[PDB]
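*Asks:* Residue numbers (our numbering), protein chains in the order written: chain C, 28 to 165; chain Y, 149 to 247; chain X, 190 to 353; chain Z, 634 to 891; chain G, 16 to 182.
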RNA sequence: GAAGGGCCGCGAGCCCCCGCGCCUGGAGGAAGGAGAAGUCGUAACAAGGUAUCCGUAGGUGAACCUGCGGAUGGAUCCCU
RNA sequence: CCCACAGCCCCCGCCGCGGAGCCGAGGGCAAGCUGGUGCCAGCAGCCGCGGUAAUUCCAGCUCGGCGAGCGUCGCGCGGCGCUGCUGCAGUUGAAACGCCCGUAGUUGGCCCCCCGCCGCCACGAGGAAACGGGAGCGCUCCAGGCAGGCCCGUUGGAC
RNA sequence: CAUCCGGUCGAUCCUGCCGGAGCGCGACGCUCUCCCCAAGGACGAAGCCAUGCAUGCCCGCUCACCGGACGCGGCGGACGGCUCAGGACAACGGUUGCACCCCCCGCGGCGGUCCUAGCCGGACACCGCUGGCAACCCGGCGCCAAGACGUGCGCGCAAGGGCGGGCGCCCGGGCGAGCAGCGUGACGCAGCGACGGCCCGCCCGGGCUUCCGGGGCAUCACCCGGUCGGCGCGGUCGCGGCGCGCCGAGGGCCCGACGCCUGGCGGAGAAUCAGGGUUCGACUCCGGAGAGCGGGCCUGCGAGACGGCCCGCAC
Ligand SMILES: [Mg+2]
Ligand SMILES: [Mg+2]
Ligand SMILES: [Mg+2]
Ligand SMILES: [Mg+2]
Ligand SMILES: [Mg+2]
Ligand SMILES: [Mg+2]
Ligand SMILES: [Mg+2]
Ligand SMILES: [Mg+2]
Ligand SMILES: [Mg+2]
Ligand SMILES: [Mg+2]
Ligand SMILES: [Mg+2]
Ligand SMILES: [Mg+2]
Ligand SMILES: [Mg+2]
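1. Hey, which unbroken runs of the beta strand (DSSP E) at 3 residues or more fall wholly within the segment 16–88 of chain G?
2. For the segment 279–289 of chain X against the segment 327–339 of chain X, do three or more pairs of beta-carbon atoms, one drawn from each stretch, fall closer than 8 Å, so that the two count as touching?
3. Strictly by DSSP, which residues pair up with residue 757 of chain Z?
4. Going along the chain, which unbroken runs of the alpha helix (DSSP H) with 4 or more residues stay wholly within the segment 127–157 of chain G?
5. Quick check for students: name the residue ranges of the alpha helix (DSSP H) that lie wholly in the segment 207–258 of chain X, counting only runs of 4 or more.
6. With distances taken Cα to Cα, identify the nearest neighbour of residue 191 of chain Y among C/130, C/144 and C/33.
7. As a quick exercise: from C/87, C/86, C/88 and C/105, pick the residue whose alpha carbon is nearest that of residue 94 of chain C.
8. Measuring only the C-alpha atoms, how far is residue 803 of chain Z from residue 767 of chain Z?
9. Got a sec? Which residues, its chain only, sit under 7 Å from residue 175 of chain Y by beta carbon, not counting five neighbours each side?
10. Return the CA-CA distance between residue 191 of chain X and residue 216 of chain X, expressed in angstroms with no decimal places.
11. Alpha carbon to alpha carbon, how far is residue 148 of chain C from residue 136 of chain C?
12. Touch check for the segment 69–87 of chain C and the segment 210–227 of chain Y: three-plus C-beta pairs under 8 Å?
13. For the alpha helix (DSSP H) holding residue 295 of chain X, just list the boundary residues, first then last.
14. For residue 732 of chain Z versus residue 723 of chain Z, is the C-beta spacing smaller than 7 Å?
15. I want to verify the contact list: residues of chain Y whose CB lies under 7 Å from the CB of residue 38 of chain C, in sequence order.
16. Please report the straight-line C-alpha distance between residue 643 of chain Z and residue 655 of chain Z, rounded to a whole angstrom.
17. Residue 136 of chain G: which of G/80, G/61, G/86 and G/53 sits nearest, CA to CA?
18. Name the chain X residues whose beta carbon is nearer than 8 Å to that of residue 658 of chain Z?
19. Taking the alpha-carbon positions, what's the residue 26 of chain G to residue 144 of chain C distance?
20. Between residue 16 of chain C and chain Y, is any beta-carbon pair separated by less than 7 Å?
21. Nearest-angstrom Cα distance between residue 131 of chain G and residue 123 of chain G?
22. DSSP state of residue 167 of chain G, grouped into three classes?
23. By how many angstroms is the C-alpha of residue 79 of chain C removed from the C-alpha of residue 210 of chain X?
24. Indicate whether at least one CB of chain X lies closer than 7 Å to the CB of residue 828 of chain Z.
25. Looking only at its own chain, which residues have a Cβ that is under 8 Å from the Cβ of residue 276 of chain X, when we skip the five neighbours before and after it?
26. Whose Cβ in chain Z lies nearer than 7 Å to the Cβ of residue 209 of chain X?
27. Any Cβ of chain X within less than 7 Å of the Cβ of residue 876 of chain Z?
28. Can you list the residues of chain X that residue 880 of chain Z reaches, using a CB-CB cut of under 8 Å?
29. Do you know offhand how far residue 116 of chain C's Cα is from residue 128 of chain C's?
30. Run through DSSP, which three-state label would residue 663 of chain Z get?
31. Grab the span of the beta strand (DSSP E) containing residue 731 of chain Z for me, first residue to last.
32. Is the distance from the Cβ of residue 677 of chain Z to the Cβ of residue 717 of chain Z below 7 Å?
33. Does DSSP put residue 43 of chain C in a helix, a strand or coil?
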């Protein structure tokens, strides 16, 4: 009918699928190569960087920081979620930055933020916000 | 030549059709087969080009059917020699002919 | 390389695709209560075993009765099931296998045979006794609560001859 | 590409029929060149340690062999890795044990105890006739043996009887329809049967059709068909008459044995 | 060094392949012998250690060889005077370089010493009463260290005479 | 038969030129997106106050206007 | 007892440390009581909460899930009949080239009773094991391993 | 072992996406009673290296010292182990062939050698005296040993070469296949031999070779010019444009050439789960390639080897 169905027509089917499977946004983003080069994390679970400045229908200002990745030298912003953790981060402190739940895209009402802060001076943020450990060495 | 020369026929014997005959004592033979793709449960038609040495004892034109026998390397791309050839007519719609 | 690299290994249990489902939670708790089960990995092991049995039975059932593979595999499966006691002796058709349930698996546990012999006051009492090593399966003492007892040894599970 | 020959052999890469444990170790014995090839032989140490159990380790086998406590075709051998093949003669006078190495139905090596009447000869297969130096005819066998000046009546594929003490042909059995054979290659190793038909395809293999004593029929190529007499075996063979049972019977026998 | 491995060539379609390993010792060659006719200096033959311990001897200078007359079944050792025809190139002839297929001139003394007194091919007699005979080289100098051959006769002799007559 | 020399063969390194691929500075120019509660008017949604839209050409602070031909997804399934 | 020596498992006598955390309680999604703050601080994978009872933030009590494991981040499979051979859609949602001719390519009505050739189906040979499936064996069970018992198929390691 | 749920509206049905729910691979945070099995510097740095170790053994040769030293000689060091840089009709996987090949140990045979043989000749090592230089390294003189080196007694024997079959085809040494061997006319004295093995067959291994499979981009559509064939020689273990001389022109392509890219070793396999399939495949076994980059070579049956040497470059 619309599609080919002859007994000697596998080549055309393979070619058609090869051509048409590039139309999916997800497949493109995963197999095209542009995102991997444009992603400052280069496919890594999380990165180690250096902070350099603190900044911050809902009308609540969210606290974040500007960071520069050691291995990449490009600039990004990562947002420190847990309450009272602004004071736990000081200018020019080594940090480890991961991603939000949605890879690539922004999450929530925060404009222009796509990362998270999970470690400072080598201590997990969660372990410090609950007072399990302490940052007396810095 | 396999009959009046000093070469021997050994290995595989195959069949094909003549594709070109511009060379001095050589031709190009076309072979047809089928390939099966499991995902789509269908076949594809493929072809290959095979060079052979043609002794002066045969008269061959395009579209004829030839039988080739394997021999030792006779050149960079040649390992076959013709031993038989059936004739064909000039007017004959080309037909996919596995052999 | 080291010889330790050739030692095989695999898991033995599965987790439900939908975790939060009230009827399943209640049924699993009820089965734990009637069998005094520790955690929920044992039920998963039981379901794994049952699935293997059912899949084998299905594959054998699709084939013809006079298929040599069918005869061989069905005979082996029936012999194993009967020797374990999970399937009744009077049944020897592969069709009956599909109707088996995990409860029949539970009934052949060491605690089960211990209790139905009236040797213990309860499943919990049976487990605690098993831990302390007061039981001689066959002629050998066993401290594994989940040890399964075959038919030929059910009459031979006794109290340890060394226990106080 | 290795710059030279291979001197090792991983255990996992060893032939299946040697029956070597996976956890025994990384390495396995490497047979040395001799009467038989790698895939058509078995080392001495395996027979003397993993079967007869007269030794528990490599060292004990070394001492036993270097003391000259084993004879092969009438000749003492001191190499633990010496290859033992088919229709060979195994003698240990210390315990008066005489064996001829044959194949079982399942396709593995076995020892057939024998007598003193027939341990002075062995049967070999002839598969090459050629002209040597000066044009003098020769022949070769499956055990790497050469004999000069054979009888013209002897042709290829035949079978030859030769004394152990002297490599002098006594009698030869022809290759012909209606003769008992023993298969020695592939899926049908160890089966005994009589020939029924011979079909040849030019330039390729030759296929042989045989019928077992109980009527079973099977096929194989001519490269692994061995003659063992005229309508009756010339030598003593294992207890079973080359009958491969089905899976049902083997399972029944295992159940009986258990 | 010199080699005859095919990795450095092109494909039937004229494409570059790409090199995936360094040079190997099976695929090696050697500088040609360039055997010279003599016309310190003397018969000089060297030896080459080849694969598997074998020995290959190539000749650098020589002057004598064994030649045959097939029709009359006569065979002796003679001196080669010079080379006079070679299909491959004229440069070899001017330099008097010995290779298989070269047409040479031998001296007639060993043959005339017993010929000119028996009925035989007329042309061979005419050469015999002269000072040289046309012959050919059949061996492979550079591989066996010798230069043997046979005397021409028949259509090929006519071919070579017609070829070298105008010169 | 050593050192040493000459011609060829293998072939490094440097120099000169050409081409291919990936990054990247830049006065000025121009696009898009987001943010705010900015200024100028009202183009569309009702016959939206000149029915809307398409192609082409020109003009105009801006939305847009006009001419030629077409469609109804129109505001008409209806008249010798 | 074992071990090249030592450990370790296990057996034997004496004295005998009983210890659970990680997430969450509006829906998806099983699981609710007071005090604070007031579109601030914060939560939130999505919808959303917080501008005075905040069933969603911060604490206490209570409760639920899994469990010596629990949660977070990135990737692949599945979810997905949202890549569709099985098995998508194409008037109006995204999508039938303005129309005709036409080569490669794909597809081609019916009929001959037994011959040859191609495909096709079944069987067979031949060719590595491990992994995988699988027969048998109670390492105390098991993850495993190919053992092991006495009067063992030639004990077995089939396929 | 064939499952779905929430979100566009004043309410409703659809398309369509967003998010949730499971498994595996890793990294991070918290926590941790006992036993068994068990991976472990691979993730566009094939980046750089102190320190220590990873190949020795012994059958022959003792006037060495009181036979053990040492050294000559023989065998082995080309196996094993590490890694995946390079490389996309290649490698690799299955299937053929050498009637175009080489092959140590081992096994079985065979063994006739042209023109002082109660046993030939001279050396070196270690070692003694004498010495150079920071180190590394070696020098000069001196008697002495061989299953070492050299010559060599002896029944003719290596390599190569010329001549030796047929009358339409087919119907023994061996073949499917005029292939091996032999005779004979001439060249040449190779190998074995001062305690006898040159030689042949088999085996393992290697080299190449037939057929089929063998990544992506057409904002790469025409490409190749020893590239395609023929004749002749050279060289090679050996066939072959493998190299050279001459002649002719040819070969490949929408059944996708050529070009470019690849954070590209391949396979046996792994993860996932109705059935059909998708993604991965550093790493256990097989095969290939390399030892800072690029080249060259000796010894040896076997290496273009690097725990072998020589050169240039960067350290
Ligand atoms: Mg208006
Ligand atoms: Mg209007
Ligand atoms: Mg309108
Ligand atoms: Mg519209
Ligand atoms: Mg539309
Ligand atoms: Mg002599
Ligand atoms: Mg000597
Ligand atoms: Mg790479
Ligand atoms: Mg490997
Ligand atoms: Mg290498
Ligand atoms: Mg090197
Ligand atoms: Mg090194
Ligand atoms: Mg090395």
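A virtual CB, placed ideally from N, CA and C, is assigned to each residue, including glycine.
*Replies:* Straight from the coordinates:
1. Listed in chain order, the beta strand (DSSP E) elements of length 3 or more contained wholly in the segment 16–88 of chain G are 59–64, 70–77 and 79–84.
2. Contact fails: fewer than three Cβ-Cβ distances are below 8 Å.
3. Here residue 757 of chain Z corresponds to residue number 124 of the fourth chain, with the count starting at 1. According to the DSSP secondary-structure assignment, residue 757 of chain Z is paired through a beta bridge with Z/793.
4. Entirely contained in the segment 127–157 of chain G, the alpha helix (DSSP H) runs reaching 4 residues are, in chain order, 137–143.
5. Note on the segment 207–258 of chain X: whole alpha helix (DSSP H) runs with a minimum of 4 residues are 211–224 and 230–251, in chain order.
6. Taking the first residue of the second chain as position 1, residue 191 of chain Y is located at position 43. Sorting C/130, C/144 and C/33 by C-alpha distance to the C-alpha of residue 191 of chain Y places C/33 at the top.
7. Here residue 94 of chain C refers to the residue found at position 67 of the first chain. C/105 is the residue among C/87, C/86, C/88 and C/105 whose C-alpha sits nearest the C-alpha of residue 94 of chain C.
8. Here the question's residue 803 of chain Z lines up with position 170 in the fourth chain. Here the question's residue 767 of chain Z lines up with position 134 in the fourth chain. Taking the straight line joining both Cα atoms gives about 26 Å.
9. Looking up residue 175 of chain Y in the second chain gives position 27. Excluding sequence neighbours, residue 175 of chain Y sits near 166, 168, 169, 200, 202 and 208.
10. On the third chain, position 2 is the one that residue 191 of chain X refers to. On the third chain, position 27 is the one that residue 216 of chain X refers to. Between the alpha carbons of residue 191 of chain X and residue 216 of chain X lies a gap of roughly 47 Å.
11. What you label residue 148 of chain C is simply residue 121 of the first chain in a count that begins at 1. What you label residue 136 of chain C is simply residue 109 of the first chain in a count that begins at 1. The alpha-carbon atoms of residue 148 of chain C and residue 136 of chain C are separated by roughly 29 Å.
12. Note that the segment 69–87 of chain C does not touch the segment 210–227 of chain Y; fewer than 3 beta-carbon pairs, one per stretch, sit closer than 8 Å.
13. By 1-based counting over the third chain, the position of residue 295 of chain X is 106. That run of the alpha helix (DSSP H) goes 291–296.
14. Taking the fourth chain and counting its residues from 1, one reaches residue 732 of chain Z at position 99. Taking the fourth chain and counting its residues from 1, one reaches residue 723 of chain Z at position 90. Yes, the Cβ-Cβ distance between residue 732 of chain Z and residue 723 of chain Z is below 7 Å.
15. Here residue 38 of chain C is taken as the residue at index 11 of the first chain, counted from 1. Those within 7 Å of residue 38 of chain C in chain Y are 192.
16. By one-based count along the fourth chain, residue 643 of chain Z stands at place 10. By one-based count along the fourth chain, residue 655 of chain Z stands at place 22. Each residue's alpha carbon lies about 11 Å from the other.
17. Here residue 136 of chain G refers to the residue found at position 121 when the fifth chain is read from its first residue. When each option's Cα is compared against that of residue 136 of chain G, the closest is G/86.
18. Position 25 of the fourth chain, counted from the start, is the residue given in the question as residue 658 of chain Z. Ordered by position in chain X, the residues that pass the 8 Å Cβ test against residue 658 of chain Z are 192.
19. As a first step, residue 26 of chain G must be located in the fifth chain, where it is residue number 11. As a first step, residue 144 of chain C must be located in the first chain, where it is residue number 117. Answer to the nearest angstrom: the Cα atoms are 57 Å apart.
20. Residue 16 of chain C lies beyond the stretch modelled for chain C, which goes from 28 to 165, so this question has no answer here.
21. By 1-based counting over the fifth chain, the position of residue 131 of chain G is 116. By 1-based counting over the fifth chain, the position of residue 123 of chain G is 108. In a straight line, the C-alpha of residue 131 of chain G is about 11 Å away from that of residue 123 of chain G.
22. By one-based count along the fifth chain, residue 167 of chain G stands at place 152. Residue state for residue 167 of chain G is assigned as coil, using DSSP reduced to three classes.
23. Position 21 of the third chain holds residue 210 of chain X. Position 52 of the first chain holds residue 79 of chain C. When rounded, the distance between both Cα atoms is 49 Å.
24. Your numbering for residue 828 of chain Z matches position 195 in the fourth chain. Not an interface residue.
25. Counted from its first residue, the third chain places residue 276 of chain X at position 87. So the qualifying residues of the chain are 267, 270, 285, 286, 289 and 293.
26. Taking the first residue of the third chain as position 1, residue 209 of chain X is located at position 20. In chain order: nothing, as chain Z lies at least about 45 Å away.
27. For this step, residue 876 of chain Z is matched to residue 243 along the fourth chain. The beta carbon of residue 876 of chain Z sits no closer than 7 Å to any beta carbon of chain X.
28. Counting from one through the fourth chain, the residue named residue 880 of chain Z turns up at place 247. Within chain X, the residues near residue 880 of chain Z are 257 and 261.
29. Numbered from its first residue, the first chain carries residue 116 of chain C at position 89. Numbered from its first residue, the first chain carries residue 128 of chain C at position 101. About 23 Å.
30. Taking the first residue of the fourth chain as position 1, residue 663 of chain Z is located at position 30. Three-state DSSP puts residue 663 of chain Z in coil, outside helix and strand.
31. Translated into the one-based positions of the fourth chain, residue 731 of chain Z becomes position 98. Run containing residue 731 of chain Z: 730–736, per the beta strand (DSSP E) assignment.
32. Locating residue 677 of chain Z in the fourth chain gives position 44, counting from the first residue. Locating residue 717 of chain Z in the fourth chain gives position 84, counting from the first residue. Yes, they are a contact pair.
33. Here residue 43 of chain C is taken as the residue at index 16 of the first chain, counted from 1. Residue 43 of chain C: helix per DSSP, three-state reduction.
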